[PDB]
file data.pdb (PDB, C-alpha atoms)
ATOM      1  CA  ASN K   1      77.922 106.125  86.546
ATOM      2  CA  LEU K   2      81.626 105.751  86.060
ATOM      3  CA  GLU K   3      82.260 109.531  86.252
ATOM      4  CA  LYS K   4      80.599 109.945  89.660
ATOM      5  CA  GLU K   5      82.299 106.852  90.994
ATOM      6  CA  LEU K   6      85.815 107.980  89.925
ATOM      7  CA  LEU K   7      85.291 111.535  91.223
ATOM      8  CA  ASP K   8      84.002 110.227  94.547
ATOM      9  CA  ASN K   9      86.922 107.844  94.861
ATOM     10  CA  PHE K  10      89.416 110.690  94.112
ATOM     11  CA  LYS K  11      87.765 112.979  96.805
ATOM     12  CA  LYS K  12      87.566 110.121  99.354
ATOM     13  CA  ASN K  13      91.197 109.479  98.908
ATOM     14  CA  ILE K  14      92.283 113.130  99.415
ATOM     15  CA  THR K  15      89.977 113.389 102.476
ATOM     16  CA  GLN K  16      91.384 110.249 104.178
ATOM     17  CA  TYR K  17      94.985 111.556 103.599
ATOM     18  CA  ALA K  18      94.053 115.034 104.819
ATOM     19  CA  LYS K  19      92.475 113.587 108.028
ATOM     20  CA  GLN K  20      95.681 111.865 108.900
ATOM     21  CA  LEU K  21      97.670 115.048 108.324
ATOM     22  CA  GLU K  22      95.215 116.895 110.602
ATOM     23  CA  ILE K  23      95.650 114.214 113.318
ATOM     24  CA  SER K  24      99.403 114.440 112.932
ATOM     25  CA  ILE K  25      99.488 118.181 113.389
ATOM     26  CA  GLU K  26      97.137 117.924 116.376
ATOM     27  CA  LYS K  27      99.489 115.385 118.053
ATOM     28  CA  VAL K  28     102.461 117.674 117.677
ATOM     29  CA  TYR K  29     100.551 120.442 119.531
ATOM     30  CA  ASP K  30      99.427 117.984 122.297
ATOM     31  CA  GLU K  31     103.035 116.897 122.729
ATOM     32  CA  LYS K  32     105.119 120.057 122.302
ATOM     33  CA  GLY K  33     102.770 122.970 122.853
ATOM     34  CA  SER K  34     101.909 125.686 120.324
ATOM     35  CA  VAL K  35     105.282 127.545 120.055
ATOM     36  CA  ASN K  36     107.413 124.482 119.378
ATOM     37  CA  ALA K  37     104.866 122.543 117.311
ATOM     38  CA  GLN K  38     104.422 125.370 114.806
ATOM     39  CA  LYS K  39     107.892 124.518 113.430
ATOM     40  CA  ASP K  40     107.181 120.810 112.658
ATOM     41  CA  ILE K  41     104.154 121.775 110.460
ATOM     42  CA  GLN K  42     106.239 122.361 107.323
ATOM     43  CA  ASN K  43     107.697 118.877 107.145
ATOM     44  CA  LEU K  44     104.330 117.248 107.608
ATOM     45  CA  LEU K  45     102.829 119.428 104.923
ATOM     46  CA  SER K  46     105.614 118.594 102.531
ATOM     47  CA  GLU K  47     105.450 114.803 103.094
ATOM     48  CA  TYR K  48     101.801 114.810 102.319
ATOM     49  CA  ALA K  49     102.041 117.047  99.247
ATOM     50  CA  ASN K  50     104.379 114.529  97.629
ATOM     51  CA  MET K  51     101.319 112.555  96.676
ATOM     52  CA  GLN K  52     100.763 112.886  92.895
ATOM     53  CA  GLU K  53      97.142 114.036  93.267
ATOM     54  CA  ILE K  54      97.987 117.035  95.575
ATOM     55  CA  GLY K  55      98.962 120.362  93.976
ATOM     56  CA  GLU K  56      99.593 122.426  97.112
ATOM     57  CA  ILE K  57      98.849 122.291 100.829
ATOM     58  CA  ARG K  58      98.759 125.478 102.996
ATOM     59  CA  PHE K  59      98.415 125.782 106.770
ATOM     60  CA  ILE K  60      96.476 128.877 107.796
ATOM     61  CA  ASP K  61      96.150 130.006 111.394
ATOM     62  CA  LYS K  62      93.102 131.237 113.376
ATOM     63  CA  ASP K  63      93.537 134.742 112.219
ATOM     64  CA  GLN K  64      93.676 133.672 108.549
ATOM     65  CA  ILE K  65      97.405 134.144 108.178
ATOM     66  CA  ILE K  66      99.188 131.818 105.787
ATOM     67  CA  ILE K  67     101.846 130.088 107.927
ATOM     68  CA  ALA K  68     103.236 127.536 105.529
ATOM     69  CA  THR K  69     102.975 126.235 102.005
ATOM     70  CA  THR K  70     104.349 123.222 100.140
ATOM     71  CA  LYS K  71     104.826 125.268  96.935
ATOM     72  CA  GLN K  72     108.182 127.072  96.834
ATOM     73  CA  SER K  73     106.913 129.468  94.100
ATOM     74  CA  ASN K  74     104.253 130.675  96.590
ATOM     75  CA  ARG K  75     106.655 131.521  99.402
ATOM     76  CA  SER K  76     105.532 135.180  99.001
ATOM     77  CA  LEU K  77     102.094 134.211 100.473
ATOM     78  CA  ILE K  78     103.628 133.363 103.884
ATOM     79  CA  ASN K  79     102.394 135.840 106.519
ATOM     80  CA  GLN K  80      99.680 137.259 104.260
ATOM     81  CA  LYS K  81      95.997 137.002 104.950
ATOM     82  CA  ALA K  82      94.348 134.164 102.993
ATOM     83  CA  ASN K  83      91.313 136.331 102.213
ATOM     84  CA  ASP K  84      89.386 133.151 101.386
ATOM     85  CA  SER K  85      85.748 132.668 102.311
ATOM     86  CA  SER K  86      85.936 128.857 102.286
ATOM     87  CA  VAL K  87      88.847 128.980 104.745
ATOM     88  CA  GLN K  88      86.835 131.431 106.957
ATOM     89  CA  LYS K  89      83.901 129.009 106.843
ATOM     90  CA  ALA K  90      86.068 126.070 108.088
ATOM     91  CA  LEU K  91      87.719 128.147 110.790
ATOM     92  CA  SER K  92      84.306 129.415 112.102
ATOM     93  CA  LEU K  93      82.302 126.276 111.891
ATOM     94  CA  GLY K  94      85.073 123.788 112.713
ATOM     95  CA  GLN K  95      83.840 121.692 109.795
ATOM     96  CA  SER K  96      85.503 120.593 106.551
ATOM     97  CA  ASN K  97      84.310 121.999 103.257
ATOM     98  CA  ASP K  98      85.023 121.699  99.505
ATOM     99  CA  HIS K  99      84.444 123.299  96.138
ATOM    100  CA  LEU K 100      85.675 123.256  92.559
ATOM    101  CA  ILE K 101      87.739 126.106  91.055
ATOM    102  CA  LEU K 102      89.312 126.938  87.652
ATOM    103  CA  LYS K 103      92.865 127.867  87.952
ATOM    104  CA  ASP K 104      95.609 128.503  85.369
ATOM    105  CA  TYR K 105      98.912 127.342  86.546
ATOM    106  CA  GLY K 106     100.582 127.894  83.164
ATOM    107  CA  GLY K 107      98.696 125.521  80.870
ATOM    108  CA  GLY K 108      95.356 127.183  80.777
ATOM    109  CA  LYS K 109      92.541 127.153  83.320
ATOM    110  CA  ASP K 110      92.338 123.646  84.849
ATOM    111  CA  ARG K 111      89.546 122.220  87.148
ATOM    112  CA  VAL K 112      90.919 121.945  90.719
ATOM    113  CA  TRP K 113      89.236 120.578  93.794
ATOM    114  CA  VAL K 114      89.751 122.665  96.931
ATOM    115  CA  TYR K 115      89.325 120.884 100.329
ATOM    116  CA  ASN K 116      89.612 122.546 103.666
ATOM    117  CA  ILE K 117      89.915 120.659 106.988
ATOM    118  CA  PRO K 118      90.182 122.575 110.199
ATOM    119  CA  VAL K 119      92.861 121.512 112.708
ATOM    120  CA  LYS K 120      91.447 121.070 116.280
ATOM    121  CA  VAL K 121      93.473 120.716 119.439
ATOM    122  CA  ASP K 122      91.423 120.006 122.610
ATOM    123  CA  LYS K 123      88.321 120.485 120.488
ATOM    124  CA  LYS K 124      89.241 124.046 119.495
ATOM    125  CA  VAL K 125      90.177 125.215 116.016
ATOM    126  CA  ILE K 126      93.788 126.296 115.754
ATOM    127  CA  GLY K 127      94.063 126.627 111.958
ATOM    128  CA  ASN K 128      93.022 125.150 108.700
ATOM    129  CA  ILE K 129      94.597 122.842 106.145
ATOM    130  CA  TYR K 130      93.794 124.090 102.602
ATOM    131  CA  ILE K 131      94.461 121.632  99.763
ATOM    132  CA  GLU K 132      94.406 122.153  95.944
ATOM    133  CA  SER K 133      94.077 118.688  94.402
ATOM    134  CA  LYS K 134      94.485 117.674  90.785
ATOM    135  CA  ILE K 135      90.981 116.417  90.076
ATOM    136  CA  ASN K 136      91.457 117.351  86.371
ATOM    137  CA  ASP K 137      93.422 114.156  86.083
ATOM    138  CA  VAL K 138      90.033 112.279  86.551
ATOM    139  CA  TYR K 139      88.277 114.441  83.929
ATOM    140  CA  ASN K 140      91.209 114.075  81.548
ATOM    141  CA  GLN K 141      91.168 110.279  81.847
ATOM    142  CA  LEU K 142      87.360 110.124  81.381
ATOM    143  CA  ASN K 143      87.700 112.185  78.197
ATOM    144  CA  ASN K 144      90.457 109.927  76.973
ATOM    145  CA  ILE K 145      88.185 106.814  77.251
ATOM    146  CA  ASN K 146      85.098 108.687  75.981
ATOM    147  CA  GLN K 147      83.139 108.545  79.189
TER     148      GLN K 147
ATOM    149  CA  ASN F   1      94.274 101.798 109.072
ATOM    150  CA  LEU F   2      94.909 104.523 106.665
ATOM    151  CA  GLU F   3      96.837 101.726 104.903
ATOM    152  CA  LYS F   4      93.905  99.443 104.224
ATOM    153  CA  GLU F   5      91.652 102.380 103.216
ATOM    154  CA  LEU F   6      94.198 103.795 100.780
ATOM    155  CA  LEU F   7      94.951 100.373  99.267
ATOM    156  CA  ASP F   8      91.241  99.696  98.912
ATOM    157  CA  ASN F   9      90.719 103.033  97.244
ATOM    158  CA  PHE F  10      93.399 102.299  94.705
ATOM    159  CA  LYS F  11      91.973  98.868  93.872
ATOM    160  CA  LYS F  12      88.382 100.203  93.479
ATOM    161  CA  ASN F  13      89.550 102.702  91.029
ATOM    162  CA  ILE F  14      91.261 100.067  88.919
ATOM    163  CA  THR F  15      88.286  97.691  89.183
ATOM    164  CA  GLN F  16      85.810 100.434  88.077
ATOM    165  CA  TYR F  17      87.947 101.343  85.060
ATOM    166  CA  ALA F  18      88.433  97.692  84.225
ATOM    167  CA  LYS F  19      84.631  97.024  84.334
ATOM    168  CA  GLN F  20      84.010  99.758  81.775
ATOM    169  CA  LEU F  21      86.786  98.413  79.521
ATOM    170  CA  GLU F  22      85.204  94.932  79.758
ATOM    171  CA  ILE F  23      81.802  96.353  78.814
ATOM    172  CA  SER F  24      83.384  98.190  75.861
ATOM    173  CA  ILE F  25      85.195  95.200  74.599
ATOM    174  CA  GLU F  26      82.045  93.056  74.952
ATOM    175  CA  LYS F  27      80.070  95.661  72.940
ATOM    176  CA  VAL F  28      82.548  95.566  70.129
ATOM    177  CA  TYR F  29      82.270  91.705  69.992
ATOM    178  CA  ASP F  30      78.432  91.694  70.091
ATOM    179  CA  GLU F  31      78.285  94.011  67.191
ATOM    180  CA  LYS F  32      81.268  93.083  64.965
ATOM    181  CA  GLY F  33      83.301  89.953  65.384
ATOM    182  CA  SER F  34      86.180  89.605  65.714
ATOM    183  CA  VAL F  35      88.068  90.134  63.423
ATOM    184  CA  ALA F  36      86.984  94.064  66.241
ATOM    185  CA  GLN F  37      90.774  93.787  66.859
ATOM    186  CA  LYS F  38      91.839  97.397  65.996
ATOM    187  CA  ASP F  39      89.026  98.669  68.109
ATOM    188  CA  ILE F  40      90.212  96.370  70.988
ATOM    189  CA  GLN F  41      93.791  97.820  70.742
ATOM    190  CA  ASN F  42      92.526 101.335  70.790
ATOM    191  CA  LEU F  43      90.416 100.627  73.818
ATOM    192  CA  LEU F  44      93.311  98.996  75.718
ATOM    193  CA  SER F  45      95.567 101.911  74.872
ATOM    194  CA  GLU F  46      93.116 104.593  76.067
ATOM    195  CA  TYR F  47      92.645 102.790  79.316
ATOM    196  CA  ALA F  48      96.383 102.275  79.929
ATOM    197  CA  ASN F  49      97.028 106.025  79.747
ATOM    198  CA  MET F  50      95.816 106.331  83.283
ATOM    199  CA  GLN F  51      98.699 106.936  85.576
ATOM    200  CA  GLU F  52      98.076 103.986  87.845
ATOM    201  CA  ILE F  53      98.029 101.295  85.092
ATOM    202  CA  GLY F  54     101.383  99.747  83.991
ATOM    203  CA  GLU F  55     100.094  97.350  81.273
ATOM    204  CA  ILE F  56      96.871  95.870  80.001
ATOM    205  CA  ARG F  57      96.707  92.612  77.998
ATOM    206  CA  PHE F  58      93.765  91.025  76.296
ATOM    207  CA  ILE F  59      93.959  87.238  76.266
ATOM    208  CA  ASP F  60      91.546  84.980  74.321
ATOM    209  CA  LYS F  61      89.716  81.918  75.583
ATOM    210  CA  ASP F  62      92.577  79.659  74.396
ATOM    211  CA  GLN F  63      95.044  81.662  76.484
ATOM    212  CA  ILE F  64      96.712  83.357  73.528
ATOM    213  CA  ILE F  65      97.877  86.909  74.154
ATOM    214  CA  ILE F  66      96.060  88.975  71.543
ATOM    215  CA  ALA F  67      97.027  92.570  72.418
ATOM    216  CA  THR F  68      99.194  94.564  74.854
ATOM    217  CA  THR F  69      99.494  98.254  75.630
ATOM    218  CA  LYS F  70     103.239  98.016  76.251
ATOM    219  CA  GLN F  71     105.326  98.485  73.091
ATOM    220  CA  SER F  72     108.331  96.622  74.638
ATOM    221  CA  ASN F  73     106.109  93.543  75.073
ATOM    222  CA  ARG F  74     105.011  93.159  71.460
ATOM    223  CA  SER F  75     106.988  89.889  71.351
ATOM    224  CA  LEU F  76     104.332  88.357  73.663
ATOM    225  CA  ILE F  77     101.594  88.671  71.042
ATOM    226  CA  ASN F  78     100.380  85.260  69.790
ATOM    227  CA  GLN F  79     102.119  83.395  72.676
ATOM    228  CA  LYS F  80     100.359  81.416  75.367
ATOM    229  CA  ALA F  81      99.971  83.347  78.568
ATOM    230  CA  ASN F  82     101.076  80.431  80.733
ATOM    231  CA  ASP F  83      99.508  82.206  83.699
ATOM    232  CA  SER F  84      97.546  80.411  86.383
ATOM    233  CA  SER F  85      95.551  83.542  87.466
ATOM    234  CA  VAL F  86      94.427  83.998  83.851
ATOM    235  CA  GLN F  87      93.447  80.301  83.773
ATOM    236  CA  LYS F  88      91.409  80.794  86.968
ATOM    237  CA  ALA F  89      89.450  83.776  85.522
ATOM    238  CA  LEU F  90      88.732  81.856  82.309
ATOM    239  CA  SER F  91      87.638  78.667  84.207
ATOM    240  CA  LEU F  92      85.565  80.395  86.923
ATOM    241  CA  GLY F  93      84.223  83.351  84.877
ATOM    242  CA  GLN F  94      84.910  85.772  87.719
ATOM    243  CA  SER F  95      87.598  88.353  88.469
ATOM    244  CA  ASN F  96      90.623  87.657  90.607
ATOM    245  CA  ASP F  97      93.673  89.530  91.987
ATOM    246  CA  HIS F  98      97.011  89.067  93.567
ATOM    247  CA  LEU F  99     100.182  90.927  94.466
ATOM    248  CA  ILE F 100     103.545  90.297  92.782
ATOM    249  CA  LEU F 101     107.126  91.671  92.885
ATOM    250  CA  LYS F 102     108.331  92.730  89.592
ATOM    251  CA  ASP F 103     111.580  94.554  88.533
ATOM    252  CA  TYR F 104     110.939  96.770  85.664
ATOM    253  CA  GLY F 105     114.399  98.372  85.747
ATOM    254  CA  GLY F 106     114.415 100.066  89.161
ATOM    255  CA  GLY F 107     114.408  97.131  91.454
ATOM    256  CA  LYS F 108     111.624  94.760  92.572
ATOM    257  CA  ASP F 109     108.356  96.773  93.025
ATOM    258  CA  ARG F 110     104.961  95.636  94.426
ATOM    259  CA  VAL F 111     102.441  95.335  91.607
ATOM    260  CA  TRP F 112      98.776  94.514  91.774
ATOM    261  CA  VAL F 113      97.622  92.063  89.176
ATOM    262  CA  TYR F 114      93.848  92.136  88.348
ATOM    263  CA  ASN F 115      92.081  89.857  85.933
ATOM    264  CA  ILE F 116      88.456  90.309  84.615
ATOM    265  CA  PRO F 117      86.953  87.918  82.173
ATOM    266  CA  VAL F 118      85.080  89.184  79.121
ATOM    267  CA  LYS F 119      81.753  87.512  78.382
ATOM    268  CA  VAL F 120      79.567  87.501  75.275
ATOM    269  CA  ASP F 121      76.143  86.025  75.726
ATOM    270  CA  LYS F 122      77.069  84.800  79.111
ATOM    271  CA  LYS F 123      80.100  82.804  77.959
ATOM    272  CA  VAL F 124      83.732  83.640  78.495
ATOM    273  CA  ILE F 125      85.492  84.726  75.307
ATOM    274  CA  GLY F 126      88.668  86.134  76.913
ATOM    275  CA  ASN F 127      90.260  87.907  79.781
ATOM    276  CA  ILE F 128      91.596  91.368  80.572
ATOM    277  CA  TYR F 129      94.898  91.218  82.540
ATOM    278  CA  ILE F 130      96.086  94.375  84.247
ATOM    279  CA  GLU F 131      99.391  95.243  86.055
ATOM    280  CA  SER F 132      98.755  98.302  88.254
ATOM    281  CA  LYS F 133     101.163 100.571  90.039
ATOM    282  CA  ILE F 134     100.081  99.922  93.614
ATOM    283  CA  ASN F 135     103.622 100.624  94.790
ATOM    284  CA  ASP F 136     102.652 104.321  94.425
ATOM    285  CA  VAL F 137     100.412 103.787  97.530
ATOM    286  CA  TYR F 138     103.111 101.987  99.572
ATOM    287  CA  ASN F 139     105.677 104.673  98.587
ATOM    288  CA  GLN F 140     103.387 107.428  99.839
ATOM    289  CA  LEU F 141     102.568 105.589 103.010
ATOM    290  CA  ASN F 142     106.268 105.305 103.749
ATOM    291  CA  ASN F 143     106.806 108.955 102.916
ATOM    292  CA  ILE F 144     104.241 110.089 105.601
ATOM    293  CA  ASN F 145     105.423 107.383 108.033
ATOM    294  CA  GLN F 146     102.163 105.382 108.017
TER     295      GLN F 146
END
call {"tool": "encode", "arguments": {"input": "data.pdb", "output": "structure tokens"}}
result
Amino acid sequence: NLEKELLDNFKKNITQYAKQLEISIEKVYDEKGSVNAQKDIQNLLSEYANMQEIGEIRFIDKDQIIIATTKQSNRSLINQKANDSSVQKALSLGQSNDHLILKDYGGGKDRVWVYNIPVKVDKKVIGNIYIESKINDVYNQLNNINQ
Amino acid sequence: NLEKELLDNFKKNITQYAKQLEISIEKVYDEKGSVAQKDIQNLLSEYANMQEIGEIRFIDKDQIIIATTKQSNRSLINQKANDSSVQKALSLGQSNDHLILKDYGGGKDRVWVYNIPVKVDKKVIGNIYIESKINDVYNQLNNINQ
């Protein structure tokens, strides 16, 4: 059962980090209001994305506009619509969600775990944190030990 | 207590890898020997490729260091471990852990030391000693101000 255990531990880890980012962003809104908070989002995103297991974090507003990213090579996405059904689901339901994707970042299609956590202020959704996490590091290690 | 959760998560990961390595080593004893030894080195090496593991050593029941994953520590092979945590795992037949500070070249870093004994029949034949890079957790905690 080693595979399920390691994947669950990887996901649990990302989710506990992401929750604290969500709480952090919420506190900035509670303290500063929406106009001034929306400028402290980038630093939080970037601090969190330093973790080895996180590929990219985006913050997406209520209207599905990409506000910020931690990936400099994706600066062209800022102010575009996310056009992402999983993001729409989180925004509408106010619930987290997750799924696996294949994505080629330059080395061939890699397995990537996508987690969305909506950001709530006064119980209302204001946006969504979208995370691409490097779950292929788990699969790669399992293959290396023949499990 | 993000901090306790994240530390716990790291340690569970290590402990679940280390349990499978113990099982694998035990298997190779059951069904070969030693002298199993090349197969033991390959197992240690595969396991040490994970990012969060610094070094793995396999120590026999007389406390001799039999194998390491770290090239620069080959001089340790055939020496006594002279390590009280290793002695504890051998004597008690249960895992143990503790934190150390160790300077690998970049200054003293927090390192999590985990020992799991290896048993054949139900008798201790050795011990797996692991140094793990728990300072990756503390570094990230400080980076997010938690």
call {"tool": "resolve_selection", "arguments": {"input": "data.pdb", "expression": "the PyMOL selection byres ((chain F and resi 1) around 12)", "output": "PyMOL selection string"}}
result
(chain K and resi 16-17+19-20) or (chain F and resi 2-8+141+146)
call {"tool": "closest_atom_pairs", "arguments": {"input": "data.pdb", "of": "chain K", "to": "chain F", "cutoff": "7 Å", "atoms": "all atoms listed in the file", "output": "CSV"}}
result
residue,atom,partner,partner_atom,distance
K:6,CA,F:13,CA,6.6
K:9,CA,F:9,CA,6.6
K:13,CA,F:9,CA,6.7
K:47,CA,F:144,CA,5.5
K:48,CA,F:144,CA,6.2
K:51,CA,F:140,CA,6.4
K:141,CA,F:50,CA,6.3
K:144,CA,F:46,CA,6.0
K:145,CA,F:46,CA,5.5
call {"tool": "atom_distance", "arguments": {"input": "data.pdb", "atom1": "atom CA of residue 94 of chain F", "atom2": "atom CA of residue 34 of chain F"}}
result
22.4 Å
call {"tool": "resolve_selection", "arguments": {"input": "data.pdb", "expression": "the PyMOL selection byres ((chain K and resi 38) around 10)", "output": "PDB file with C-alpha atoms, keeping the file's coordinate frame"}}
result
ATOM      1  CA  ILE K  25      99.488 118.181 113.389  1.00  0.00           C
ATOM      2  CA  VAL K  28     102.461 117.674 117.677  1.00  0.00           C
ATOM      3  CA  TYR K  29     100.551 120.442 119.531  1.00  0.00           C
ATOM      4  CA  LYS K  32     105.119 120.057 122.302  1.00  0.00           C
ATOM      5  CA  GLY K  33     102.770 122.970 122.853  1.00  0.00           C
ATOM      6  CA  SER K  34     101.909 125.686 120.324  1.00  0.00           C
ATOM      7  CA  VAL K  35     105.282 127.545 120.055  1.00  0.00           C
ATOM      8  CA  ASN K  36     107.413 124.482 119.378  1.00  0.00           C
ATOM      9  CA  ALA K  37     104.866 122.543 117.311  1.00  0.00           C
ATOM     10  CA  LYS K  39     107.892 124.518 113.430  1.00  0.00           C
ATOM     11  CA  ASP K  40     107.181 120.810 112.658  1.00  0.00           C
ATOM     12  CA  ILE K  41     104.154 121.775 110.460  1.00  0.00           C
ATOM     13  CA  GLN K  42     106.239 122.361 107.323  1.00  0.00           C
ATOM     14  CA  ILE K  67     101.846 130.088 107.927  1.00  0.00           C
ATOM     15  CA  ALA K  68     103.236 127.536 105.529  1.00  0.00           C
TER      16      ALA K  68
END
call {"tool": "atom_distance", "arguments": {"input": "data.pdb", "atom1": "atom CA of residue 111 of chain K", "atom2": "atom CA of residue 133 of chain K"}}
result
9.3 Å
call {"tool": "residues_around", "arguments": {"input": "data.pdb", "residues": "residue 96 of chain F", "least_positions_apart": "5", "cutoff": "9 Å", "atoms": "only C-alpha atoms", "output": "JSON, numbers by chain"}}
result
{"F": [85, 86, 88, 89, 113, 114, 115, 116]}
call {"tool": "axis_aligned_box", "arguments": {"input": "data.pdb", "around": "segment 74-78 of chain K", "padding_each_side": "5 Å", "output": "AutoDock Vina command-line options"}}
result
--center_x 104.4 --center_y 132.9 --center_z 100.2 --size_x 14.6 --size_y 14.5 --size_z 17.3
call {"tool": "resolve_selection", "arguments": {"input": "data.pdb", "expression": "the PyMOL selection byres ((chain F and resi 124-131) around 8)", "output": "PyMOL selection string"}}
result
chain F and resi 18+22+53-63+86+89-90+93+111-120+122-123+132-133
call {"tool": "residues_around", "arguments": {"input": "data.pdb", "residues": "residue 62 of chain K", "least_positions_apart": "3", "cutoff": "9 Å", "atoms": "only C-alpha atoms", "output": "ChimeraX atom specification"}}
result
/K:65,88,91,125-128
call {"tool": "residues_around", "arguments": {"input": "data.pdb", "residues": "residue 15 of chain K", "least_positions_apart": "3", "cutoff": "10 Å", "atoms": "only C-alpha atoms", "output": "JSON, numbers by chain"}}
result
{"K": [9, 10, 11, 12, 18, 19, 20, 21, 96, 115, 116, 117, 131]}
call {"tool": "build_atoms", "arguments": {"input": "data.pdb", "residues": "segment 70-92 of chain K", "atoms": "N, CA and C atoms", "output": "CSV table (one decimal), in the coordinates of the input"}}
result
chain,number,residue,atom,x,y,z
K,70,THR,N,103.5,124.2,100.8
K,70,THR,CA,104.3,123.2,100.1
K,70,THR,C,104.9,123.6,98.8
K,71,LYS,N,104.4,124.8,98.3
K,71,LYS,CA,104.8,125.3,96.9
K,71,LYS,C,105.8,126.4,97.0
K,72,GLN,N,107.1,126.1,96.7
K,72,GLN,CA,108.2,127.1,96.8
K,72,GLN,C,107.9,128.4,96.1
K,73,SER,N,107.3,128.3,94.9
K,73,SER,CA,106.9,129.5,94.1
K,73,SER,C,105.9,130.4,94.7
K,74,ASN,N,105.2,129.9,95.8
K,74,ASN,CA,104.3,130.7,96.6
K,74,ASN,C,104.8,131.1,98.0
K,75,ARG,N,106.1,131.0,98.2
K,75,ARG,CA,106.7,131.5,99.4
K,75,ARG,C,106.3,133.0,99.7
K,76,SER,N,106.0,133.8,98.7
K,76,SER,CA,105.5,135.2,99.0
K,76,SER,C,104.2,135.3,99.8
K,77,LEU,N,103.3,134.2,99.7
K,77,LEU,CA,102.1,134.2,100.5
K,77,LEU,C,102.3,134.1,102.0
K,78,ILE,N,103.4,133.6,102.4
K,78,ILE,CA,103.6,133.4,103.9
K,78,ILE,C,103.5,134.7,104.6
K,79,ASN,N,102.8,134.7,105.7
K,79,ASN,CA,102.4,135.8,106.5
K,79,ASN,C,101.3,136.8,106.0
K,80,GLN,N,100.8,136.5,104.8
K,80,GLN,CA,99.7,137.3,104.3
K,80,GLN,C,98.4,136.6,104.7
K,81,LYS,N,97.3,137.5,104.8
K,81,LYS,CA,96.0,137.0,105.0
K,81,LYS,C,95.5,136.2,103.8
K,82,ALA,N,94.9,135.1,104.1
K,82,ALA,CA,94.3,134.2,103.0
K,82,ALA,C,93.2,134.8,102.2
K,83,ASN,N,92.4,135.7,102.9
K,83,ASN,CA,91.3,136.3,102.2
K,83,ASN,C,90.4,135.4,101.4
K,84,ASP,N,90.1,134.3,102.0
K,84,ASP,CA,89.4,133.2,101.4
K,84,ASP,C,88.2,132.8,102.2
K,85,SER,N,87.0,132.9,101.6
K,85,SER,CA,85.7,132.7,102.3
K,85,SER,C,85.5,131.2,102.7
K,86,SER,N,86.1,130.3,101.9
K,86,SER,CA,85.9,128.9,102.3
K,86,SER,C,86.8,128.5,103.5
K,87,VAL,N,87.9,129.1,103.6
K,87,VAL,CA,88.8,129.0,104.7
K,87,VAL,C,88.1,129.6,106.0
K,88,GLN,N,87.6,130.8,105.9
K,88,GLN,CA,86.8,131.4,107.0
K,88,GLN,C,85.7,130.5,107.5
K,89,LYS,N,85.0,129.9,106.5
K,89,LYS,CA,83.9,129.0,106.8
K,89,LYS,C,84.4,127.8,107.7
K,90,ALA,N,85.5,127.2,107.3
K,90,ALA,CA,86.1,126.1,108.1
K,90,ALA,C,86.5,126.5,109.5
K,91,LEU,N,87.2,127.6,109.5
K,91,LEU,CA,87.7,128.1,110.8
K,91,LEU,C,86.5,128.4,111.8
K,92,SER,N,85.5,129.0,111.2
K,92,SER,CA,84.3,129.4,112.1
K,92,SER,C,83.5,128.3,112.5
